Amino acid sequence: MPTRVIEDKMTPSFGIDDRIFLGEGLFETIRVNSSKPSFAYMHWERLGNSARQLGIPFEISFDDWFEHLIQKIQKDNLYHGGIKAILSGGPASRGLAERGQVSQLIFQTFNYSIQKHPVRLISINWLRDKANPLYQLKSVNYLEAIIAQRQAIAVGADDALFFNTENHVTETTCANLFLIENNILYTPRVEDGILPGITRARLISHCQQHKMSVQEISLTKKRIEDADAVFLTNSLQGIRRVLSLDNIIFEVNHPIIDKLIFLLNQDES
Amino acid sequence: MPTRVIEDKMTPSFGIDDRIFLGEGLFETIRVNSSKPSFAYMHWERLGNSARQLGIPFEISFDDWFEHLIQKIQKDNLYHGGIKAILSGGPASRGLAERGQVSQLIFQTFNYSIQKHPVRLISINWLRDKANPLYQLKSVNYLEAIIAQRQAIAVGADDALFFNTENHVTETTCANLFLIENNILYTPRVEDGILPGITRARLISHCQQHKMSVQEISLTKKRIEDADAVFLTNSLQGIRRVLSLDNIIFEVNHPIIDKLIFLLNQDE
């Protein structure tokens, strides 16, 4: 059977012959609320879609996936917190284009605090090609993000914002970006070369259900600078308000943001 | 001691809290010939330079490094083959900008096969910014290269050639590139966003020593399309001849290539 969960016997890890050491690995970071994994299906779907694209087996049913998440939450006594799933290409013979016959999955829980202070961003100087497939995969290849976040921290900021080679905004090191102008929501298109976030997707669905105008379009730096508000989304933090980008301070409050926080919070899927 | 070697106790690995699983890892691939590692110093120097750039501790002296290599060669009965050194950021608390207090170093030996057939390359469609620091580091973040290599194999090619956002050649998935035009050697500049190869640097040195004109300059796709010959360099395979890039076919012979193979082989 071509996908193996590595269980505790005490924390599991990947062996040195695993292709995850060449970067052949994917992850999902799942919020746990009241001992229940939030949006377990959407995380499974995305992980499987990405695995398929990379040729990595992902032969674990949704029910078994969900059961594994529950057994981890129960064993580690988690109520609120997170679970990270890491899928490796697996042990394989040496060679860049070799193929792991059996992929390996590890689950790990953690506890963390939701940060409520608004975030300070800096723009990164190097650009991404929207055609580079790496940027639509939640992979283990995060050094770029690490370097960018360290630069942000070095200059007094919290996180870094990337742009593509058409000078359009994509995302930060860990979150999708939204802005609000004249009570209309804007966010970069999937085609701008972003990670298609689950939280982003949920927020768009909520807006559609509530007939709140939301536009998926290519956004220049000037659009951000001129926004009424700017905020970020991800599964662990939900919506995070943005105080500034480079030398531009924003108002952090908006009724649309409070409404969206409420709606994301009520979701028990 | 902020750098720990993980020894056999048999095979060692990194723990799940290690920042290597976020991509914070560097490597060196060292050729071994008749039980002797090749250019151990240049490999140590590069890894140290990169670790310093990333803030990963690398408190291992060259003598210590060399001793580790020889001990591993001996223990594994390695005569001809390779040694891969992997340096991880190490265990750390959760967070993307957290820092490993103690980096971890693991050495592994392997046999490998020498491939001498002239290679067929394809050009990759997505471009890299030369200002993206990733591309000058020999890191564990090789998924881009994996995807590219798989595309090359799908159409019966051997390797894939990357370009930067100024439409200049950089490197392949595993090797630097050189071209010959009118008996002059040309190779992309380090500033074009390439890994500064050891084999590349050795070749530049041999050319200088033998009065061979060698130009480190930005190269367009057209320059390569018009080249007399094209070849690749890395530690394990040495000089590799190039038969084709996309639909463009090259003569694989050139007197300069023969001379350079001779000169690099004394060293190996």
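Residues numbered from 1 in each chain as written, not as in the entry; some residues may be left out. Chains lettered and ligands numbered in written order. Heavy atoms only, no water. Residues with missing side-chain atoms left out of burial classes, pairs and counts.

- In terms of determination method and resolution, the entry is listed under X-ray crystallography at 1.780 Å.

1. Here's the deal with the sheet that holds strand β1 (residues 3-5) of chain A
All names here are of chain A.
- Taken in spatial order, the 5 strands line up as β1-β5-β4-β2-β3 in an open sheet, and their pairing is mixed. The strands lining the two open edges of the sheet, one partner per strand, are β1 and β3 (36-37).
- Summarising the sheet, strand β2 (residues 25-33) and β3 pair through 2 bridges and their orientation is antiparallel. When the bridges of β3 are listed, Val-32 appears paired with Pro-37.
- On top of the sheet, helix α2 (residues 62-75) reaches β1, β2, β3, β4 (81-88) and β5 (103-110); it is set at about 35° to β5, its chief contact. (Pairing = 2+ DSSP bridges. Helix = DSSP H or I, 4+ residues; strand = E, 2+ residues; numbered from the N terminus. Contact = heavy atoms within 4.5 Å. Axes fitted to C-alpha atoms, helices over the stretch in contact; angles between N-to-C directions.)

2. Side note on empty space enclosed by the protein
- Estimated volume of the largest cavity: approximately 40 Å³.
- Considering the residues around the largest cavity, the lining is formed by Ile-20, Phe-21, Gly-23, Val-140 and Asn-141 of chain A together with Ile-20, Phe-21, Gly-23, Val-140 and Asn-141 of chain B.
- Per-class residue counts for the lining of the largest cavity are 6 nonpolar, 4 polar and no charged. (1 Å grid on protein atoms, 1.4 Å probe; cavity = no way out; pocket = protein on both sides within 12 Å on 5 of 7 lines; lining within 4 Å. Points joined across faces, edges and corners; volume = space filled by probe spheres on them. Nonpolar A, V, L, I, M, F, W, Y, C, P; charged D, E, K, R; others polar.)

3. Examining the side chain of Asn-132 of chain B
- Within the secondary structure layout, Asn-132 of chain B lies in the loop between β6 (119-128) and α3 (143-154).
- On the basis of relative accessible area, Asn-132 of chain B is assigned to the buried category, the value being 2%.
- Separated by 3.3 Å, the side chains of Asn-132 of chain B and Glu-144 of chain A make a polar contact.
- When neighbours within four sequence positions are excluded, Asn-132 of chain B is seen to be in contact with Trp-126, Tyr-135 and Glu-144 of chain A. (Buried < 20%, exposed > 50% of the residue type's maximum accessible area, 1.4 Å probe, protein only. Polar contact = N/O pair within 3.5 Å; in protein donor to acceptor, adjacent residues only side chain to side chain.)

4. Some remarks on the pairing of β5 of chain A
All names here are of chain A.
- Within β5, 7 of the 8 residues are buried, which leaves the element mostly enclosed by the surrounding structure.
- Sheet topology note: the β1/β5 ladder contains 3 bridges and is parallel. Opposite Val-5, over in β5, you have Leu-105 as the bridge partner.
- Sheet topology places β4 next to β5; 7 bridges connect them, and they run antiparallel. Considered in β5, the bridge of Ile-86 is made with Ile-106.

5. So, the pairing of β6 of chain B
Residue and element names in this part refer to chain B.
- Among the 10 residues that make up β6, 8 are buried, leaving the element largely enclosed by the rest of the structure.
- Relative to strand β13 (residues 238-245), β6 runs parallel, the two sharing 3 bridges. By the bridge assignment, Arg-120 is partnered in β13 with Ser-244.
- Where β6 meets strand β7 (residues 159-164), 5 bridges bridge the pair, whose relative direction is parallel. When the bridges of β7 are listed, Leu-127 appears paired with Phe-163.
- Between β6 and its parallel partner β7, the chain crosses via α3, and the hand of that crossover is right-handed. (Right-handed = clockwise from strand over helix to strand, strands pointing away.)

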